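Chain by chain, the residues run as shown.
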Amino acid sequence: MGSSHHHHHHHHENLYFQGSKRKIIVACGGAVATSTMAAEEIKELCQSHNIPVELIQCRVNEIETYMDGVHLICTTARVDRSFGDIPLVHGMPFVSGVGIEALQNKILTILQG
């Protein structure tokens, strides 16, 4: 009927959306409200302006290993950011839970260019 083709059962395939555009990493630890705050915050923001991206989380020593296709890195003061051009940043004020509002504006300003 066409030399093996067209599946009636089901085309259970796996899409590769591990790119989109940019990929960021978050390094802190486990879950102490701080992590859930950033993830949710960065997610809501990324979607607020419809910015397709993939947010990944990692420990203090994982971003380097998973640094295959990361466009931005977020470490809580640990890395040196002096190797190559790893676009990482420290959310010191973001963790404060008070300086996020003001900082957020700054992040978006540069994020848009």
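Residues numbered from 1 in each chain as written, not as in the entry; some residues may be left out. Heavy atoms only, no water.

A. Just the nonpolar core, in detail. Residues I25, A27, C58, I63, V70, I73, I86 and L88 constitute the largest nonpolar core, which totals eight residues. Excluding its chain neighbours within four sequence positions, the residues that come into contact with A27 are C58, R59, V60, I63, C74, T75 and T76. (Core = buried A, V, L, I, M, F, W, Y, C linked by side-chain atoms within 4.5 Å. Buried < 20%, exposed > 50% of the residue type's maximum accessible area, 1.4 Å probe, protein only. Contact = heavy atoms within 4.5 Å.)

B. The arrangement of the layout of surface pockets in detail. Of the pockets and cavities examined, the largest pocket occupies roughly 1000 Å³. In terms of lining residues, the largest pocket is bounded by 39 residues, among which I42, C74, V89, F94 and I107 are the most central. Tallied by class, residues from the lining of the largest pocket come to 27 nonpolar, nine polar and three charged. (1 Å grid on protein atoms, 1.4 Å probe; cavity = no way out; pocket = protein on both sides within 12 Å on 5 of 7 lines; lining within 4 Å. Points joined across faces, edges and corners; volume = space filled by probe spheres on them. Nonpolar A, V, L, I, M, F, W, Y, C, P; charged D, E, K, R; others polar.)

C. The arrangement of the side chain of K23 in detail. Looking at the secondary structure, you find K23 in strand β1 (residues 22-27). Taking the relative accessible area as the measure of exposure, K23 reaches 15% and is therefore buried. Filtering out sequence-adjacent residues up to four positions away, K23 remains in contact with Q18, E54, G69, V70, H71 and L72. (Helix = DSSP H or I, 4+ residues; strand = E, 2+ residues; numbered from the N terminus.)

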